[PDB]
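Participant: What follows is a structure written as structure tokens; I'll ask about it next.
Chains as they are written, first to last, in the authors' numbering: chain q, 5 to 390; chain p, 5 to 386; chain n, 5 to 390; chain J, 2 to 152; chain A, 701 to 714, 736 to 750.
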């Protein structure tokens, strides 16, 4: 990714340098150095071939590195991930026999543009009416990540079937991962052998529990979770599941079973769910009117959701208000006048080593040059009680 | 609307139609239509002469349009310009009288293909050893555009004439002009517009003092620069020079001589130098160890030089500490913990509406996670 | 266009002159000067080609001028404007579902000769009873400038659609522009650089506000609108919108924003709506019986509607009764005996500089030779304060 | 009521009413000769006593009215004296067809192949209305009864 | 020899609110 350039490979630069050097080697006889003059056809013809060849010549080192990463490591290529959700079907009435919603059953939203298909056969037992199964998006891409209760139509009208819905927001819809994440994944393969110092971190945060999860390893921490009483031979693991919540004990047990043959004999592994600290933001900003207030609002929302993604966060580390301000301003088209984090402008320390931030509320105060103030107090957490 | 076509599309059709008209006039008594007929030679000769006449009419309408362009619009049509250069003739001795080079003195390059002629008479006065005079190419075309000293051969030597050369490279040689270029050049004359707004008034000043200079136009601001006392019909111009300093009186006069004939009636144009406020920076930041301390210092210094460029600054606007912090952190490898502008952590408002900021000092106090402290002081004044 | 004619171009004239000059060239040796005699075949054949060539030779200067007006300053070749109105559709009953009036819905007047089509789809939400949408005339022309509620007949029936009617009198019907109007349009492009004079300002404001609007620029007119108190550096604009009414505040704001980056720095721009003076006409005229009374009345009404077009009127200038009589009589087939404007026979001065006339009512009393008196009355505007 | 407006620097309504003058090189008398015949398809003859453009158009192009092309290929006014020994460029017959350019132009109806060249060659090729289809000639007579104003 | 047969053709060218609702009960919470 940082391969040094072997030679200068640029059409205009090649033309100009060729004219200058032809003046140099002729010992002043060649005085036509105009980059757009009568020698432009000759130099440009030469530079077209020269650039198209040097561009390929500059790829040698990166090609070697990618060949190493692809052949002897055999890392898979990320085409993109289809969003998956959990559908729930409800029947019209209690049947005397088992009912089957067949595999590849197409469902959609009100518009019919987003379409999901069931993963497998769904068997509602006799007498039961309303039950559940997983569905996958028709195509890859982040456009299939939809909120709960958004999919309610099914195209084929089946007998005794009354309604369908999604009880989860569809997630993990992606059109291909980043290069840096792939580089990290490749490097971790190399050093993941005999999980020792903070390697339990990486064996779980993306493996054996799912993508979009978080781990946190603390050495010699007992069940009392007190740092001042260290017990040697103990590793404490803190988990946040693929859904972004503290881990389900089933996932805890799966993690323990996965890591049991990999820990040092005689040592003790402790696993408990992570904790989440709610972040309440208040922003007073000045806009340049290059975007509408709604556009600024949702842009800042997306920027904060990216910033407060558990994949982008490190458990136990303080939330620095300057970093949040930089993340907000990176949207552009605005000037930040004031920011409050949990009723203060100071950095937030985390309650303990295993607490992850999660931002829940953002209050918008956006004035512009004309003088119109925009107020928008939005909640981003799933509260049924606000 | 659409211009009518002047030439006849088909002249043989014209001849046939005129013979059919002969038939119509005579009420079906003239049916002889071949060349052996009586009236065919007359009709054909008339048609050919008329084709010539309509070709001349087409040329005449085109020439009338071009003459309207040349005389009224002010844009002449170019059919080829002969390249011009500045020949210097150097004598081998200091004559006591005038050395007279006659008109049309022929000089040429080594091959002799490109030949230039002096436009006038060169008069080297007594006691002078060299003289200059402009020469024009023998013909139009781009092939007469050569570099300096390439036009030095002359066939008729003169006594006491040591050398003849062209100090300038021959330029302005063109072989013609397409209709698209002429039309666009005509349209450029119509588009011309005097500055009427503050921004347009500033752009002319920027263009007059070249790249790297700034201007601020303020309406109703008197010669005493008192905002509370407006003066009707006054446009005050404040200039920051090409070097970033307030404009000196010479530059003031240079921009005044250019902007004076452009203002319209009832407006008083005043031009004054800009005012500069120095910005002092004290920075404490935490490097994440992804870059060396020296690289971070260089990157932050360059980013802050770009941020405080006169082009990027709006005169009369306060310096926002948050925007400076964003500019610094946009480097990427650091994390700002403390920033102080002029011994404060608040926005600096300008003294007036024409003061531009100019940072003159920065203090780096960078720290890594290991506690290493890199300290440096940079003075950015000229 | 009024360009000088280089040579005489006429068939019969060419024949006659060619015979006379043939007589002249010889010393009277050729005496067959009869323009329709036995030399008519020869002379007519030559004159056919002569005329078909000189007709094109006479077009050189106008062709050059047209090429200049077309190439260097492209000017669209205006063809006309279609009248537009605002239809209202009302349903027969409150529906449980949302009604849709499709795009291009055809409506017409009682006669059935004037037809309008809806601009787009109209969606009346469930429970509503009426919905409005804009409609455009079928063809260009000033005959589509109909009054309010004049368009109510529709052919295609919709379910539960009770009525449709235009709530706005259709306006901006234009059959095209004359050569002098196109000349003015071309010349304004030549000289609008820096809006400085009254004219310059008006032309700019009429642009960006629509076709069929009007502007009046007055210098040194303060907020009190009193002429005797001049305020240097103040330009007051008075606006009549595209509909022929005093300008709506949103149009005022739009024109202000348009003209802000073009006014001299330090100057103050004031914009307010124009005022309308209503003209009531009473005509007593004698008919020559070359047209029916209805045809005469229609022709006179059309001529007066052309005369009192705000495009043909200069705001603040007095209406001259002789000019009105000439415009009426240019219809032809009648002899004017008496004309009253606003209950008098004298010229009508506008109350101030920014008042436009707008003729509202006209009464006809037409007498023929046989003694039939045709009396009629036409009201052209919906209401006095429109 | 009066709304106050003060000189701004640049709005977005200055982009509303923007360009008023558009330099366009569409079909007009000064654009008939935009297209040029390639130099490879020409013949470089010399002017001799007894020569005329009629003779050159007859020998070389087989048609006496083709001289308009030759003059248009040389930029000369025919009635001006072409001196003896002056060079001229005579177009070929068979090589005049490759000076016609072919463009696919778009339309709401559909894409159309269009020939564009200098108008002299367009008239020479379309002489006798052979290239145009009968539908166009029939259409030109759809409007037959021409309205005129009585004066 | 390779032979080609092409079959081609030319297409033709170009209110404030609802009326009545059932009575609701509203409970402040």
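For every residue, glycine included, the Cβ atom is placed at its ideal position computed from N, Cα and C.
Is the region 332-341 of chain q in contact with the region 288-307 of chain q, if contact means three or more CB pairs nearer than 8 Å?
Facilitator: yes
Participant: Quick one, which of p:245, p:129 and p:90 has its alpha-carbon nearest residue 172 of chain p's?
Facilitator: p:90
Participant: Quick one: measure Cβ to Cβ for residue 141 of chain n and residue 177 of chain n, integer angstroms, because I've assumed they're closer than 8 Å.
Facilitator: With a Cβ gap of about 7 Å, residue 141 of chain n and residue 177 of chain n count as contacting.
Participant: Give the straight-line distance between the Cα atoms of residue 737 of chain A and residue 107 of chain n, rounded to the nearest whole angstrom.
Facilitator: 23 Å
Participant: At 7 Å on the CB atoms, spell out the chain n contacts of residue 30 of chain p, in chain order.
Facilitator: 45
Participant: CB-CB under 6 Å to residue 145 of chain n, same chain, minus the five flanking residues each way: which ones, in chain order?
Facilitator: 177 and 179
Participant: Residue 148 of chain p: buried (16+ other C-beta within 10 angstroms of its C-beta) or exposed?
Facilitator: buried
Participant: Please list the segments of the alpha helix (DSSP H) lying wholly inside the region 251-339 of chain q, counting only runs of 4 or more residues, in order along the chain.
Facilitator: Counting whole runs of 4 or more residues, the region 251-339 of chain q contains the alpha helix (DSSP H) stretches 253-263, 297-311 and 325-333.
Participant: Nearest-angstrom Cα distance between residue 10 of chain n and residue 64 of chain p?
Facilitator: 12 Å
Participant: Taking a contact to mean a Cβ-Cβ separation below 8 Å, would you say residue 125 of chain p touches residue 105 of chain p in this structure?
Facilitator: yes
Participant: List the residues of chain q that residue 330 of chain p touches, going by C-beta distances under 7 Å, in chain order.
Facilitator: Contact annotation for residue 330 of chain p against chain q: 330 and 333 [CB-CB distance below 7 Å, chain order].
Participant: Identify the contact partners of residue 131 of chain n in chain A, using a Cβ-Cβ distance below 8 Å as the criterion.
Facilitator: 736, 738, 739 and 740
Participant: Which residues, taken in chain order from the region 107-134 of chain J, show a beta carbon closer than 7 Å to some beta carbon of chain A?
Facilitator: 109, 110 and 111
Participant: Look at residue 240 of chain p and residue 256 of chain p and say whether their C-beta atoms are less than 8 Å apart.
Facilitator: no
Participant: Consult DSSP for residue 352 of chain p and reduce its assignment to one of helix, strand or coil.
Facilitator: strand
Participant: Return yes when the Cβ of residue 51 of chain n is within less than 8 Å of the Cβ of residue 22 of chain n, no when it is not.
Facilitator: yes
Participant: Would you call the region 186-194 of chain n in contact with the region 234-249 of chain n, where contact means no fewer than 3 C-beta pairs closer than 8 Å?
Facilitator: no
Participant: Specify the secondary structure class of residue 190 of chain p as computed by DSSP and reduced to three states.
Facilitator: helix
Participant: Taking residue 201 of chain q as the reference, which of q:267, q:253, q:175 and q:357 has the closest Cα?
Facilitator: It is q:267 whose Cα lies nearest to the Cα of residue 201 of chain q.
Participant: Kindly provide the ranges of any beta strand (DSSP E) runs that are 3 or more residues long and lie completely inside the region 105-153 of chain n, ordered along the chain.
Facilitator: Within the region 105-153 of chain n, the runs of beta strand (DSSP E) that reach at least 3 residues and sit entirely inside it are, in chain order, 110-112, 119-122, 126-128 and 134-141.
Participant: Measuring straight from C-alpha to C-alpha, what distance separates residue 12 of chain q and residue 54 of chain q?
Facilitator: 10 Å
Participant: Looking at residue 56 of chain q and residue 88 of chain q, is the spacing between their C-beta atoms short of 8 Å?
Facilitator: no
Participant: Given this structure, state the Cα-to-Cα distance separating residue 244 of chain n from residue 270 of chain n, to the nearest angstrom.
Facilitator: One Cα belongs to residue 244 of chain n, the other to residue 270 of chain n, and the distance between them is close to 26 Å.
Participant: So for residue 200 of chain n, helix, strand or coil by DSSP?
Facilitator: coil
Participant: Please list the terminal residues of the continuous beta strand (DSSP E) segment that includes residue 105 of chain J.
Facilitator: 102-106
Participant: Measuring only between beta-carbons, confirm whether residue 27 of chain J sits less than 8 Å from chain n.
Facilitator: yes
Participant: Quick one: grab the DSSP three-state call for residue 206 of chain q.
Facilitator: helix
Participant: With the cut-off set at 8 Å, would you say residue 323 of chain p and residue 343 of chain p are in Cβ contact?
Facilitator: Residue 343 of chain p is positioned such that its CB atom lies no closer than 8 Å to that of residue 323 of chain p.
Participant: Please classify residue 25 of chain p: is it buried, with 16 or more other beta-carbons within 10 angstroms of its beta-carbon, or exposed?
Facilitator: buried
Participant: Please tell me whether residue 291 of chain n has its Cβ less than 8 Å away from any Cβ of chain p.
Facilitator: No, no contact with chain p.
Participant: Could you tell me the boundaries of the beta strand (DSSP E) in which residue 457 of chain n lies?
Facilitator: One cannot answer for residue 457 of chain n here, as it falls past the ends of chain n, which runs 5 to 390.
Participant: Using C-beta distances below 8 Å, list every residue in its chain close to residue 349 of chain q, excluding the 5 sequence neighbours before and after it, in chain order.
Facilitator: 325, 342 and 343
Participant: How many angstroms separate the CA atom of residue 190 of chain n from the CA atom of residue 386 of chain n?
Facilitator: Each residue's Cα considered, the two are about 36 Å apart.
Participant: Would a C-beta distance cut-off of 8 Å place residue 42 of chain J and residue 96 of chain J closer than the cut-off?
Facilitator: yes
Participant: Judging by CA-CA distance, which residue of J:16, J:52, J:26 and J:92 is the nearest neighbour of residue 7 of chain p?
Facilitator: J:26
Participant: Indicate whether residue 85 of chain n and residue 17 of chain J have their beta-carbon atoms separated by less than 8 Å.
Facilitator: In this structure, residue 17 of chain J does not lie closer than 8 Å to residue 85 of chain n by Cβ.
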